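To be precise, the following lines are upload.cif, and they hold mmCIF, C-alpha atoms.
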data_entry
#
loop_
_atom_site.label_atom_id
_atom_site.label_comp_id
_atom_site.auth_asym_id
_atom_site.auth_seq_id
_atom_site.Cartn_x
_atom_site.Cartn_y
_atom_site.Cartn_z
CA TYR A 1 -117.85 -112.75 5.89
CA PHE A 2 -118.41 -113.11 9.64
CA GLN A 3 -116.91 -110.27 11.77
CA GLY A 4 -117.24 -110.07 15.62
CA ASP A 5 -119.78 -107.23 15.33
CA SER A 6 -121.88 -108.71 12.42
CA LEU A 7 -124.73 -109.86 14.75
CA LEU A 8 -124.74 -106.50 16.50
CA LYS A 9 -124.82 -104.59 13.18
CA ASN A 10 -127.94 -106.43 11.99
CA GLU A 11 -129.74 -105.79 15.32
CA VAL A 12 -128.66 -102.07 15.48
CA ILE A 13 -129.85 -101.27 11.92
CA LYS A 14 -133.40 -102.28 13.00
CA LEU A 15 -133.42 -100.53 16.34
CA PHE A 16 -131.70 -97.41 15.00
CA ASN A 17 -134.01 -96.99 12.03
CA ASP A 18 -137.02 -97.09 14.42
CA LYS A 19 -135.61 -94.91 17.25
CA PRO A 20 -131.87 -93.92 17.18
CA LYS A 21 -131.71 -93.96 20.99
CA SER A 22 -132.81 -97.67 20.99
CA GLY A 23 -130.07 -98.48 18.42
CA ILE A 24 -127.38 -96.56 20.41
CA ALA A 25 -128.58 -98.29 23.67
CA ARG A 26 -127.97 -101.72 22.04
CA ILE A 27 -124.40 -100.71 20.95
CA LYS A 28 -123.85 -99.53 24.58
CA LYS A 29 -125.39 -102.85 25.83
CA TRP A 30 -123.25 -105.02 23.49
CA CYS A 31 -120.04 -103.08 24.11
CA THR A 32 -120.66 -103.53 27.92
CA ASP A 33 -121.23 -107.34 27.55
CA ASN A 34 -118.39 -107.85 25.00
CA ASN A 35 -115.88 -105.45 26.72
CA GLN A 36 -115.73 -103.16 23.64
CA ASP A 37 -115.45 -99.38 23.03
CA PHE A 38 -118.89 -97.78 22.51
CA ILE A 39 -117.41 -94.70 20.77
CA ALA A 40 -115.35 -96.61 18.15
CA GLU A 41 -118.13 -99.17 17.48
CA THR A 42 -120.83 -96.50 16.93
CA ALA A 43 -118.65 -94.55 14.45
CA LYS A 44 -117.70 -97.86 12.71
CA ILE A 45 -121.41 -98.81 12.28
CA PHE A 46 -122.32 -95.26 11.01
CA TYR A 47 -119.50 -95.36 8.46
CA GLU A 48 -119.68 -99.00 7.26
CA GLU A 49 -123.50 -99.28 7.37
CA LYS A 50 -124.16 -95.96 5.53
CA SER A 51 -126.39 -97.62 2.83
CA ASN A 52 -128.51 -99.27 5.52
CA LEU A 53 -129.16 -96.58 8.02
CA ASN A 54 -131.46 -93.65 8.22
CA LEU A 55 -129.03 -90.91 7.26
CA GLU A 56 -131.14 -88.20 8.87
CA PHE A 57 -130.72 -89.88 12.17
CA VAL A 58 -126.99 -90.46 11.56
CA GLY A 59 -126.56 -86.77 10.58
CA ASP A 60 -128.52 -85.67 13.65
CA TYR A 61 -126.53 -87.87 16.09
CA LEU A 62 -123.18 -86.71 14.59
CA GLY A 63 -124.19 -83.01 14.61
CA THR A 64 -125.79 -82.95 18.10
CA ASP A 65 -124.00 -81.25 21.05
CA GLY A 66 -123.51 -84.20 23.40
CA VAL A 67 -120.55 -85.77 25.20
CA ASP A 68 -121.08 -89.14 23.36
CA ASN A 69 -121.98 -87.37 20.06
CA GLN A 70 -118.77 -85.28 20.03
CA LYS A 71 -116.60 -88.40 20.61
CA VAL A 72 -118.51 -90.42 17.97
CA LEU A 73 -118.14 -87.56 15.43
CA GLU A 74 -114.36 -87.43 15.98
CA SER A 75 -114.12 -91.26 15.55
CA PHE A 76 -116.52 -91.17 12.51
CA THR A 77 -114.47 -88.57 10.67
CA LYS A 78 -111.31 -90.66 11.41
CA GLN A 79 -112.78 -93.58 9.35
CA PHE A 80 -112.28 -91.45 6.16
CA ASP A 81 -108.91 -91.72 4.43
CA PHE A 82 -108.13 -88.18 3.12
CA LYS A 83 -104.33 -88.80 2.82
CA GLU A 84 -103.07 -87.28 -0.45
CA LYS A 85 -106.73 -86.85 -1.49
CA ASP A 86 -108.07 -83.86 -3.42
CA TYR A 87 -109.54 -81.35 -0.93
CA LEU A 88 -112.82 -80.75 -2.67
CA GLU A 89 -113.43 -84.44 -3.51
CA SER A 90 -112.83 -85.20 0.20
CA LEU A 91 -115.35 -82.47 1.27
CA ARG A 92 -117.99 -83.74 -1.24
CA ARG A 93 -117.59 -87.30 -0.01
CA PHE A 94 -117.85 -86.31 3.68
CA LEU A 95 -121.03 -84.24 3.07
CA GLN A 96 -122.72 -87.33 1.37
CA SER A 97 -121.99 -89.73 4.31
CA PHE A 98 -125.08 -88.38 6.16
CA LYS A 99 -128.13 -86.08 5.66
CA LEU A 100 -127.26 -82.57 6.75
CA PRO A 101 -129.35 -81.23 9.65
CA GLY A 102 -131.21 -77.96 8.87
CA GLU A 103 -129.68 -76.40 12.00
CA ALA A 104 -126.71 -74.02 11.90
CA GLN A 105 -124.86 -75.21 15.05
CA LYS A 106 -125.11 -78.86 13.85
CA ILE A 107 -123.86 -78.03 10.30
CA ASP A 108 -121.01 -76.04 11.93
CA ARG A 109 -119.80 -78.99 14.09
CA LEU A 110 -119.84 -81.34 11.02
CA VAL A 111 -117.85 -78.85 8.91
CA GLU A 112 -115.28 -78.26 11.71
CA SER A 113 -114.85 -82.09 12.04
CA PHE A 114 -114.12 -82.39 8.29
CA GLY A 115 -111.53 -79.55 8.25
CA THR A 116 -109.59 -80.78 11.28
CA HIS A 117 -109.29 -84.36 9.95
CA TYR A 118 -108.42 -83.29 6.37
CA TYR A 119 -105.62 -81.06 7.76
CA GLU A 120 -104.38 -83.85 10.07
CA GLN A 121 -104.15 -86.30 7.09
CA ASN A 122 -102.31 -83.75 4.88
CA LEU A 123 -100.31 -81.85 7.52
CA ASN A 124 -98.96 -78.53 6.17
CA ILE A 125 -99.03 -79.77 2.52
CA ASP A 126 -101.66 -77.28 1.16
CA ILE A 127 -103.29 -76.23 4.46
CA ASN A 128 -101.26 -74.97 7.42
CA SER A 129 -103.71 -75.27 10.38
CA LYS A 130 -107.10 -76.70 11.45
CA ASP A 131 -108.44 -73.06 11.47
CA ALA A 132 -107.29 -72.59 7.81
CA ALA A 133 -109.05 -75.91 6.91
CA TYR A 134 -112.27 -74.65 8.54
CA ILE A 135 -112.21 -71.18 6.92
CA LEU A 136 -111.50 -72.82 3.50
CA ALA A 137 -114.44 -75.17 3.97
CA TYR A 138 -116.98 -72.51 4.99
CA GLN A 139 -115.80 -70.15 2.22
CA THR A 140 -116.20 -73.04 -0.33
CA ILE A 141 -119.72 -73.82 0.96
CA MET A 142 -120.64 -70.09 0.67
CA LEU A 143 -118.93 -69.98 -2.81
CA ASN A 144 -121.27 -72.90 -3.84
CA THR A 145 -124.35 -70.82 -2.81
CA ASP A 146 -122.96 -67.70 -4.54
CA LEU A 147 -122.20 -69.43 -7.89
CA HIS A 148 -125.37 -71.48 -8.07
CA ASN A 149 -128.05 -69.36 -6.40
CA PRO A 150 -130.01 -67.82 -9.38
CA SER A 151 -131.02 -64.75 -7.29
CA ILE A 152 -127.36 -63.82 -7.57
CA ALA A 153 -127.08 -62.68 -11.18
CA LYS A 154 -124.18 -63.77 -13.45
CA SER A 155 -122.72 -60.19 -13.26
CA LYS A 156 -122.80 -60.27 -9.40
CA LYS A 157 -121.21 -63.69 -8.84
CA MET A 158 -117.97 -63.85 -6.75
CA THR A 159 -114.91 -63.96 -9.06
CA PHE A 160 -111.89 -66.21 -8.43
CA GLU A 161 -109.93 -62.98 -7.57
CA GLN A 162 -112.59 -62.14 -4.92
CA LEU A 163 -112.26 -65.66 -3.42
CA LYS A 164 -108.43 -65.21 -3.33
CA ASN A 165 -108.87 -61.82 -1.53
CA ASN A 166 -111.23 -63.33 1.11
CA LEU A 167 -108.68 -66.07 1.81
CA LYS A 168 -105.55 -63.84 1.73
CA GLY A 169 -103.38 -64.58 4.78
CA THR A 170 -105.90 -67.15 6.24
CA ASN A 171 -103.59 -70.15 5.64
CA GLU A 172 -101.93 -69.71 9.10
CA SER A 173 -100.75 -66.10 8.21
CA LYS A 174 -99.71 -67.28 4.67
CA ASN A 175 -101.81 -67.68 1.52
CA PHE A 176 -103.20 -70.89 0.00
CA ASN A 177 -101.42 -71.80 -3.32
CA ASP A 178 -103.08 -70.02 -6.31
CA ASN A 179 -103.80 -73.23 -8.34
CA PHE A 180 -104.96 -75.04 -5.16
CA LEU A 181 -107.77 -72.40 -4.87
CA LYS A 182 -108.33 -72.21 -8.67
CA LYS A 183 -109.04 -75.98 -8.73
CA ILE A 184 -111.66 -75.52 -5.93
CA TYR A 185 -113.24 -72.46 -7.60
CA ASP A 186 -113.45 -74.17 -11.08
CA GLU A 187 -114.80 -77.52 -9.82
CA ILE A 188 -117.45 -75.94 -7.65
CA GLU A 189 -118.47 -73.68 -10.54
CA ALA A 190 -118.76 -76.77 -12.84
CA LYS A 191 -120.47 -79.02 -10.28
CA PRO A 192 -122.36 -77.72 -7.23
CA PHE A 193 -122.34 -79.68 -3.99
CA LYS A 194 -124.91 -82.51 -3.61
CA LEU A 195 -126.40 -81.26 -0.29
CA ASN A 196 -129.07 -83.54 1.11
CA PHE A 197 -130.74 -81.67 3.98
CA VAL A 198 -133.37 -83.01 6.34
CA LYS A 199 -137.00 -82.08 5.39
CA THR A 200 -137.86 -81.15 9.00
CA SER A 201 -135.79 -80.66 12.19
CA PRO A 202 -136.46 -82.30 15.61
CA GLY A 203 -138.92 -80.59 17.94
CA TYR A 204 -141.35 -77.81 17.15
CA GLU A 205 -141.02 -75.64 14.04
CA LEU A 206 -143.00 -72.45 13.40
CA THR A 207 -142.62 -71.25 9.81
CA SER A 208 -144.96 -69.26 7.55
CA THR A 209 -145.04 -66.17 5.29
CA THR A 210 -146.75 -64.34 8.23
CA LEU A 211 -144.50 -65.43 11.15
CA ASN A 212 -142.34 -62.24 10.91
CA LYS A 213 -145.43 -60.16 11.91
CA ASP A 214 -146.22 -62.37 14.99
CA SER A 215 -145.84 -60.28 18.18
CA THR A 216 -143.96 -63.18 19.89
CA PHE A 217 -141.52 -63.53 16.93
CA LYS A 218 -140.67 -59.77 17.01
CA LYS A 219 -140.06 -59.90 20.81
CA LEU A 220 -137.97 -63.11 20.42
CA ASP A 221 -135.91 -61.49 17.64
CA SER A 222 -135.16 -58.44 19.87
CA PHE A 223 -134.34 -60.69 22.87
CA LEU A 224 -131.29 -62.11 20.95
CA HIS A 225 -129.40 -58.76 21.22
CA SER A 226 -130.79 -57.33 24.43
CA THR A 227 -129.16 -57.35 27.86
CA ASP A 228 -130.61 -58.30 31.21
CA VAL A 229 -134.20 -58.74 30.17
CA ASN A 230 -136.42 -61.44 31.48
CA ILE A 231 -137.60 -64.12 28.99
CA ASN A 232 -141.14 -63.91 30.59
CA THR A 233 -141.59 -60.63 28.65
CA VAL A 234 -141.38 -62.83 25.51
CA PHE A 235 -143.11 -66.00 26.83
CA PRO A 236 -145.75 -65.30 29.57
CA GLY A 237 -146.72 -68.95 29.90
CA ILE A 238 -143.34 -70.30 31.16
CA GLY A 239 -143.19 -68.76 34.65
CA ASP A 240 -140.52 -66.74 36.58
CA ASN A 241 -137.75 -69.33 37.30
CA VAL A 242 -136.59 -69.43 33.65
CA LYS A 243 -133.10 -68.12 33.02
CA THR A 244 -131.40 -67.66 29.64
CA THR A 245 -128.14 -67.62 27.66
CA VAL A 246 -127.76 -66.57 23.97
CA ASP A 247 -125.33 -68.19 21.50
CA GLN A 248 -124.73 -65.44 18.90
CA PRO A 249 -124.51 -66.57 15.22
CA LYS A 250 -121.26 -66.92 13.29
CA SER A 251 -121.46 -64.60 10.29
CA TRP A 252 -121.10 -67.29 7.70
CA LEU A 253 -123.93 -69.27 9.32
CA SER A 254 -126.17 -66.24 9.07
CA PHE A 255 -125.38 -65.98 5.35
CA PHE A 256 -125.70 -69.68 4.75
CA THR A 257 -128.90 -70.51 6.63
CA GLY A 258 -130.42 -67.23 7.83
CA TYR A 259 -129.36 -68.13 11.42
CA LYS A 260 -129.92 -65.41 14.06
CA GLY A 261 -128.88 -67.33 17.17
CA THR A 262 -130.02 -69.74 19.88
CA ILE A 263 -131.60 -68.90 23.21
CA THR A 264 -131.18 -71.61 25.89
CA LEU A 265 -133.95 -71.58 28.50
CA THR A 266 -133.32 -73.26 31.87
CA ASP A 267 -135.82 -73.57 34.71
CA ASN A 268 -134.00 -72.87 37.93
CA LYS A 269 -136.25 -74.98 40.04
CA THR A 270 -136.99 -78.04 37.84
CA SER A 271 -133.87 -78.12 35.57
CA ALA A 272 -136.33 -78.24 32.59
CA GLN A 273 -134.51 -77.06 29.45
CA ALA A 274 -135.44 -75.86 25.95
CA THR A 275 -133.51 -74.28 23.06
CA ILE A 276 -135.02 -71.71 20.65
CA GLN A 277 -133.37 -71.23 17.24
CA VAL A 278 -134.28 -68.25 15.06
CA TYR A 279 -133.84 -68.03 11.23
CA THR A 280 -134.72 -65.11 8.97
CA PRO A 281 -134.37 -65.54 5.19
CA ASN A 282 -131.88 -63.60 3.13
CA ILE A 283 -130.88 -63.62 -0.55
CA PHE A 284 -128.16 -66.26 0.10
CA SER A 285 -130.01 -68.53 2.53
CA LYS A 286 -133.30 -68.75 0.59
CA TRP A 287 -131.71 -70.88 -2.19
CA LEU A 288 -131.33 -73.83 0.27
CA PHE A 289 -133.45 -72.93 3.29
CA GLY A 290 -136.61 -71.41 1.82
CA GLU A 291 -138.19 -67.94 1.72
CA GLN A 292 -139.81 -68.07 5.24
CA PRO A 293 -138.47 -67.21 8.74
CA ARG A 294 -138.24 -70.19 11.10
CA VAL A 295 -138.31 -70.83 14.83
CA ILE A 296 -137.13 -74.25 16.09
CA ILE A 297 -138.01 -75.15 19.70
CA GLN A 298 -136.46 -78.27 21.18
CA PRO A 299 -136.86 -79.77 24.63
CA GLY A 300 -133.76 -80.93 26.40
CA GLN A 301 -133.05 -84.12 28.15
CA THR A 302 -134.42 -83.36 31.63
CA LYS A 303 -137.88 -84.22 32.96
CA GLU A 304 -140.43 -81.42 32.33
CA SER A 305 -138.31 -80.11 29.37
CA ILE A 306 -141.23 -81.19 27.12
CA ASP A 307 -143.66 -78.87 28.99
CA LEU A 308 -141.22 -75.90 28.96
CA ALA A 309 -140.72 -76.23 25.11
CA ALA A 310 -144.50 -76.79 24.53
CA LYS A 311 -145.39 -73.62 26.60
CA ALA A 312 -142.87 -71.54 24.55
CA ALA A 313 -144.32 -72.84 21.23
CA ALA A 314 -147.92 -72.30 22.43
CA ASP A 315 -147.17 -68.64 23.40
CA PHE A 316 -146.94 -67.77 19.66
CA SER A 317 -150.22 -66.76 18.00
CA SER A 318 -148.80 -68.55 14.85
CA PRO A 319 -149.41 -72.34 14.99
CA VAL A 320 -146.60 -74.88 15.00
CA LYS A 321 -146.11 -75.96 11.39
CA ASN A 322 -143.89 -79.05 11.82
CA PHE A 323 -143.55 -81.59 14.59
CA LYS A 324 -140.71 -84.14 14.60
CA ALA A 325 -139.50 -86.66 17.17
CA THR A 326 -136.34 -85.74 19.11
CA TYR A 327 -133.62 -88.22 20.04
CA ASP A 328 -135.37 -88.45 23.48
CA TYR A 329 -139.07 -87.84 22.75
CA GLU A 330 -141.72 -89.36 20.51
CA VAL A 331 -143.47 -87.01 18.01
CA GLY A 332 -146.86 -87.89 19.59
CA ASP A 333 -145.64 -86.79 23.02
CA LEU A 334 -144.52 -83.38 21.66
CA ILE A 335 -147.88 -83.01 19.86
CA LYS A 336 -149.93 -83.87 23.03
CA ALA A 337 -147.91 -81.50 25.27
CA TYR A 338 -148.32 -78.58 22.78
CA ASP A 339 -152.04 -79.21 21.98
CA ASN A 340 -152.77 -79.41 25.69
CA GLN A 341 -151.05 -76.01 26.35
CA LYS A 342 -153.14 -74.44 23.53
CA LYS A 343 -156.35 -75.90 25.06
CA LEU A 344 -155.41 -74.53 28.56
CA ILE A 345 -154.73 -71.01 27.13
CA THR A 346 -158.21 -71.06 25.40
CA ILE A 347 -159.97 -72.07 28.68
CA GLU A 348 -158.09 -69.37 30.73
CA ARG A 349 -158.93 -66.56 28.21
CA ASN A 350 -162.63 -67.56 28.18
CA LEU A 351 -162.84 -67.82 32.01
CA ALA A 352 -161.26 -64.31 32.45
CA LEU A 353 -163.92 -62.83 30.09
CA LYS A 354 -161.16 -62.00 27.25
CA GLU A 355 -162.59 -61.51 23.77
#

Whole structure given in structure tokens:
Amino acid sequence: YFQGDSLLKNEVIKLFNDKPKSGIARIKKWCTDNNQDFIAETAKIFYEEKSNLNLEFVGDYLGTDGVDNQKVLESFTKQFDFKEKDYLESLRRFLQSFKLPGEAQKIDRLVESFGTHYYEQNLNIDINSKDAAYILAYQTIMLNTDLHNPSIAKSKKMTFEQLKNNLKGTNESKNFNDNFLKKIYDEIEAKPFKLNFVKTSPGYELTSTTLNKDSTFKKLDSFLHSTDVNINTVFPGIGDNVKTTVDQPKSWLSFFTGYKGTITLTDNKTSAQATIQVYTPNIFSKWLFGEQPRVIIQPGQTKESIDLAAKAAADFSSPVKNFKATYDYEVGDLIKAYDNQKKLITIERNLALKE
């Protein structure tokens, strides 16, 4: 069955599975030459070529905060037909179409995309607003952790009555129908979600049973809720032109993943950028995200972002545990930049006569 994009699809699968940026570049290139829409075509390939594509990379592209990514995610979700479909079956299906990133802000964008589209395809039937669809989805995901996390004893598990109470008046000032919620509660109880998370996240990851006692980790943790303090008090190696913003965590994301927030570092001179995500385990999060705290450091798109992220990672006494390629950078380039910063620190300490 020849289709106008068949040749492109076969080329893209190869390029994409090697480096997603090279696959996306070819869709951009073909859409330019064939006068087609890059957004629609990308989402179409992600959806139709599910069984052929690296789902980690698909999940990562869809969940990433980017102008292209956001448009592609909206178009991707639109490929699903949720009209007169069972809510939970629709959510299960959506969550299996990619590999979930292990990053709170990415999971959040994917969940919000699902809710909005499900509501739009079943307008005011069982759900009254996109906000109600989103709260129902995050409460269902947390209900899944509650009912199936063994650290939550049988006697402590959330009851259907407790789910009803949490969702009282959240269906655009009204309630969700009793049986509509009972069906979700019972099915989730009987069958947990199939949640396929990535093994490692892009960039640098510091994670160990001793990371919470690292001087840099403690300072980083405090920096999330402090006001007008310089980031150089946390990371000496990054210089004095680095400014910061903090994205505070949504409560449910904290429960779900151990998320504590994201600090965005921007160099005022160079435009170098890096993000720093913090995770601390809790009784709910550990079931899916492990028993260790985590720090994820990712370089942005701009030149010299690699060196800003590497300097931040190298300022920890704890070593980087995991390295993974980003959409823009090769794993080897992140490794070289970090190892080099560690070697420079060692030389400087020795030359200044530090023990």

Compile a residue-level contact table for stretch 210-239 of chain A against stretch 341-349 of chain A at a cut-off of 12 Å, reporting for every qualifying residue the shortest atom pair and its distance in Å to one decimal, with all atoms listed in the file counted, rows ordered by chain and ascending number, as a Markdown table.
| residue | atom | partner | partner_atom | distance |
| --- | --- | --- | --- | --- |
| A:236 | CA | A:345 | CA | 10.9 |
| A:237 | CA | A:345 | CA | 8.7 |
| A:238 | CA | A:341 | CA | 10.7 |

message = I'd like the interatomic distance between atom CA of residue A:193 and atom CA of residue A:95, to a tenth of an Å.
response = 8.5 Å

ask   = How far is it from atom CA of residue A:50 to atom CA of residue A:131, in Å with one decimal?
value =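 Between atom CA of residue A:50 and atom CA of residue A:131 the gap is 28.4 Å.
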
Explicit residue set for the PyMOL selection byres ((chain A and resi 76) around 10), as an NGL selection string = :A and (39-48 or 62 or 70-75 or 77-80 or 97 or 113)

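Remark: for residue A:312, the closest of the candidate residues A:232, A:280, A:285, A:6 is A:232 (distances computed over only C-alpha atoms).
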
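Minimum distance to residue A:58 across A:239, A:176, A:19, A:300 (counting all atoms listed in the file) occurs at A:19.
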
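With all atoms listed in the file as the atoms that count, the residue of A:198, A:152, A:104, A:91 with the shortest distance to residue A:54 is A:198.
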
ask   = Counting all atoms listed in the file, which of A:244, A:105, A:144, A:90 gets nearest to residue A:121?
value =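 Ranking A:244, A:105, A:144, A:90 by distance to residue A:121, first place goes to A:90.
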
request  = Select, from A:247, A:187, A:228, A:333, the residue with the minimum atom-to-atom distance to residue A:299, counting only C-alpha atoms.
outcome  =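 For residue A:299, the nearest of the candidates is A:333.
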
query = Which residues, written as a PyMOL selection string, have at least one atom at most 8 Å from residue A:224, with all atoms listed in the file counted and residues fewer than 4 positions away on the same chain left out?
reply = chain A and resi 220+246+248+260-263

query = Using all atoms listed in the file, which of the listed residues (A:169, A:115, A:66, A:4) sits closest to residue A:82?
reply =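 Answer, going by the shortest atom-to-atom distance: A:115.
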
Model the absent atoms of stretch 53-67 of chain A so that N, CA and C atoms are present, and write the result as a JSON list (two decimals), keeping the file's coordinate frame.
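Once everything was written out, this is result22.json:
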[["chain", "number", "residue", "atom", "x", "y", "z"],
["A", 53, "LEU", "N", -128.70, -97.32, 6.90],
["A", 53, "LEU", "CA", -129.16, -96.58, 8.02],
["A", 53, "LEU", "C", -129.90, -95.32, 7.59],
["A", 54, "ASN", "N", -130.74, -94.87, 8.46],
["A", 54, "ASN", "CA", -131.46, -93.65, 8.22],
["A", 54, "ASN", "C", -130.44, -92.54, 8.37],
["A", 55, "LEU", "N", -130.06, -91.95, 7.26],
["A", 55, "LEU", "CA", -129.03, -90.91, 7.26],
["A", 55, "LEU", "C", -129.41, -89.61, 7.94],
["A", 56, "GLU", "N", -130.71, -89.35, 8.10],
["A", 56, "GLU", "CA", -131.14, -88.20, 8.87],
["A", 56, "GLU", "C", -130.75, -88.37, 10.30],
["A", 57, "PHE", "N", -130.97, -89.58, 10.81],
["A", 57, "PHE", "CA", -130.72, -89.88, 12.17],
["A", 57, "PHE", "C", -129.20, -89.91, 12.40],
["A", 58, "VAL", "N", -128.47, -90.45, 11.44],
["A", 58, "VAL", "CA", -126.99, -90.46, 11.56],
["A", 58, "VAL", "C", -126.50, -89.01, 11.61],
["A", 59, "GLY", "N", -126.95, -88.18, 10.65],
["A", 59, "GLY", "CA", -126.56, -86.77, 10.58],
["A", 59, "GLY", "C", -126.87, -86.05, 11.88],
["A", 60, "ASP", "N", -128.07, -86.28, 12.40],
["A", 60, "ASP", "CA", -128.52, -85.67, 13.65],
["A", 60, "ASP", "C", -127.67, -86.10, 14.83],
["A", 61, "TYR", "N", -127.39, -87.41, 14.98],
["A", 61, "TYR", "CA", -126.53, -87.87, 16.09],
["A", 61, "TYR", "C", -125.14, -87.24, 16.01],
["A", 62, "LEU", "N", -124.53, -87.25, 14.82],
["A", 62, "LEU", "CA", -123.18, -86.71, 14.59],
["A", 62, "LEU", "C", -123.10, -85.21, 14.85],
["A", 63, "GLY", "N", -124.14, -84.47, 14.47],
["A", 63, "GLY", "CA", -124.19, -83.01, 14.61],
["A", 63, "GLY", "C", -124.67, -82.49, 15.94],
["A", 64, "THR", "N", -125.26, -83.35, 16.80],
["A", 64, "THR", "CA", -125.79, -82.95, 18.10],
["A", 64, "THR", "C", -124.70, -82.64, 19.14],
["A", 65, "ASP", "N", -124.93, -81.59, 19.98],
["A", 65, "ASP", "CA", -124.00, -81.25, 21.05],
["A", 65, "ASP", "C", -124.24, -82.17, 22.26],
["A", 66, "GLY", "N", -123.45, -83.21, 22.34],
["A", 66, "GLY", "CA", -123.51, -84.20, 23.40],
["A", 66, "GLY", "C", -122.12, -84.74, 23.63],
["A", 67, "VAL", "N", -121.86, -85.23, 24.85],
["A", 67, "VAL", "CA", -120.55, -85.77, 25.20],
["A", 67, "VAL", "C", -120.23, -86.99, 24.33]]
